[PDB]
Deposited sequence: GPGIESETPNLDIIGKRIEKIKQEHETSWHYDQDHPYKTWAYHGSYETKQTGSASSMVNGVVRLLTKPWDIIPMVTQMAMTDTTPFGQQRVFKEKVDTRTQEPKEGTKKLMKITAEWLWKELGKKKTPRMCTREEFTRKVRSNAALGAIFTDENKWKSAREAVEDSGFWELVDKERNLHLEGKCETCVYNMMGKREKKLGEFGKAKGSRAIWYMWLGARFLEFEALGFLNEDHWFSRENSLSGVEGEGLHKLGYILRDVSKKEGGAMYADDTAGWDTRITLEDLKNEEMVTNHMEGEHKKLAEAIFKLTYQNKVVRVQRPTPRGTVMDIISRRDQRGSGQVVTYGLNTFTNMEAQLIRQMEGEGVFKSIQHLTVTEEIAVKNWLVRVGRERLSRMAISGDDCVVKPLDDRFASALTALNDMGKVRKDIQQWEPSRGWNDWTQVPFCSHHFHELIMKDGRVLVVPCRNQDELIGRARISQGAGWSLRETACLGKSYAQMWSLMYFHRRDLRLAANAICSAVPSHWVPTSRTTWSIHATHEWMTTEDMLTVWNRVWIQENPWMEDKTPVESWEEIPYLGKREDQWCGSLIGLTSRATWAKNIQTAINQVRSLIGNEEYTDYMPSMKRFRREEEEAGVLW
């Protein structure tokens, strides 16, 4: 409590000593409330290039509504039973060891962090305006040093969350989290090769092949239960099991990592704007409050742990979660040592998102440990058995399903897919404003090249992608604000051959493809089923008159070097 958070709280009061009021109509029951001060401050814009080249979608409500525009955060998960706590501690210990077998924890550097902000990544930050300026500035780094020495002392002053649910910190606090825990992401601890259940850095062009490899194992159905608000269901017990990564560390790193876990995770402080505008300073010891990248890695870890325990329950490794016997602890340990790795290989896990192919379908009704860890399944009654999938091409994972698509030469593509309304509606939105015509065009080109690489097998996206790349100057570089092989000025057929043939470990014959017409689509009915507008009069007019749309956008951007990509299609 206040011994660890006082300094942060005390500091904030003093900066707004001419506003501090301890309001008694504060909406908080779970969150600890400390005080309030005076504040007054705060949407998605449409990409006109993508929209002008996707006119049929102007009348599809699923597309157009995506561009318009709580009581989950203010909740508390109960303390798990003692047998649940033991299962979790034993499993967490074994899993950190397995992840650490071929990796060395290590500090991440200012140089690494500096290069990260100069290249623009979503670091979620807030004397300086841009984070680029601070990295260049040198007082900021003295500010970092002060906090750093404070962390070594066992104290914290400026590591405070701002809710808006995404929790931004000042860039200095992000540095210190990245210094301590950045190795998890930077050194690929959750790669499939090192974690077995993981998919970090794999790419959407690999996920479908990975699900198909899981399908090949003997077992029962494939289960893909989503958790109801995963971040809100992270217990202090989960935070303490995650902290055990510091047991693999040494020297300063160990102290710095212990400090982030103790001070910024296990005992948080947040400033939330309440319109009644006032800034409430509240605190809590549980729930997920980190950086989006460390959040990913620790969500993956705790999800792997929860799913191995659910598997153990389905195999009857333990009887009851209320209490674990000394023989049952022995059995859990022997299971992990004898089949732990095999059971990890039966899963694909990406943060909160999982697919499990258990040994058999007893897993479907193995609910006691899962419910008691507080990982309550979304949209199903607490004690109703999971509905599993019998076909790997039906299984949802990372917002996608995967099709098996056979090339005219017999080689097999496993391709990612989702409702086409979702793909078109996302490409039509630009995050933040201040965008030039050129920047908006380069974002449209990023979507177009992504569609050519991942969604080529959809007829409407190949056409629209060719149109947008025809409408945007040939040499303009794609921008943004997975592995992203579409972010390049190289020829998109050359990248396709590299990603789908040369570098594709499931493709034995490495014969290059010479043209886009060699590259197949879904079935006409599978395409429409997935949402193609084909067969519609509004769509055929768009395909027929596409050069007119292209020319409208060329006229707006002006007199530039353009390429006609439309003849890559045999029809044009």
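- Unmodelled regions of the deposited chain sequence (numbering from residue 1, in sequence order): 1 to 9, 52 to 54, 82 to 92, 150 to 154, 193 to 209, 322 to 324, 530 to 535, 627 to 637.
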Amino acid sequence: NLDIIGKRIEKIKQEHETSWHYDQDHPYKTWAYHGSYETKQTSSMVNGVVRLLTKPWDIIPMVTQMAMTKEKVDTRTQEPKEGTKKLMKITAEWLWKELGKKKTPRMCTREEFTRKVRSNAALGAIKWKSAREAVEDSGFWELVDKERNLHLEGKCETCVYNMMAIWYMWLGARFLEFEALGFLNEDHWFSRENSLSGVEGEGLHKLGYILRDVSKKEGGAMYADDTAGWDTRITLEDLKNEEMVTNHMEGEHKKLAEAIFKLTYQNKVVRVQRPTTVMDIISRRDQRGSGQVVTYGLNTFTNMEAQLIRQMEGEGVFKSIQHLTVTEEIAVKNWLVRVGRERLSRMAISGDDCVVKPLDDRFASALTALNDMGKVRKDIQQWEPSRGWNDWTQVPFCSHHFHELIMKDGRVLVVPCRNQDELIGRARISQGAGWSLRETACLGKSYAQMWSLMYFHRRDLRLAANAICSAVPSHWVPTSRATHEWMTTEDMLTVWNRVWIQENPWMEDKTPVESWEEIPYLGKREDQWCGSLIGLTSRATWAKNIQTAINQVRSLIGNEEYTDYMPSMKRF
From here on, numbers count along this sequence of modelled residues.
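Each form is matched to the other, and the largest set of C-alpha atoms that superpose within 1.5 Å is called the rigid core.
- After a core fit, the C-alpha atoms in 9 other deposited structures of this protein lie farther on average from the shown form in one of 170 to 178 and 425 to 433, namely 425 to 433.
- Annotation: of the segments 296 to 304 and 205 to 213, 205 to 213 departs further from this form in 9 other deposited structures of this protein (C-alpha atoms, root mean square over structures and residues, core superposition).
- Compared with other PDB entries of the same protein, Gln41 is missing from at least a third of those that resolve the residues around it.
- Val117, present in the displayed chain, carries coordinates in each of the other PDB entries compared that cover both sides of it, far from a third leaving it out.
- The mean C-alpha temperature factor is higher for 317 to 325 when 317 to 325 and 369 to 377 are set side by side.
- Taking the mean C-alpha B-factor of each stretch as recorded, 245 to 253 and 184 to 192 are not equal, and the higher mean is that of 245 to 253.
- Highest CA B-factor among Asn551, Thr563, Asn559, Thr18, as stated in the entry: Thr18.
- Sorting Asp213, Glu342, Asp352, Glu142 by the CA temperature factor given in the entry leaves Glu142 at the top.
- Placement of the Cα temperature factor of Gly535 within the chain: lowest third of the modelled residues, per the deposited record.
- Annotation for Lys544: C-alpha temperature factor in the middle third relative to the rest of the modelled chain, per the entry.
- Among the modelled residues of the chain, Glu526 sits in the lowest third by CA temperature factor in this PDB entry.
- Compared with the other modelled residues of the chain, the Cα B-factor recorded for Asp421 ranks in the lowest third.
- Among all modelled residues in its chain, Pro512 ranks in the middle third by Cα B-factor.
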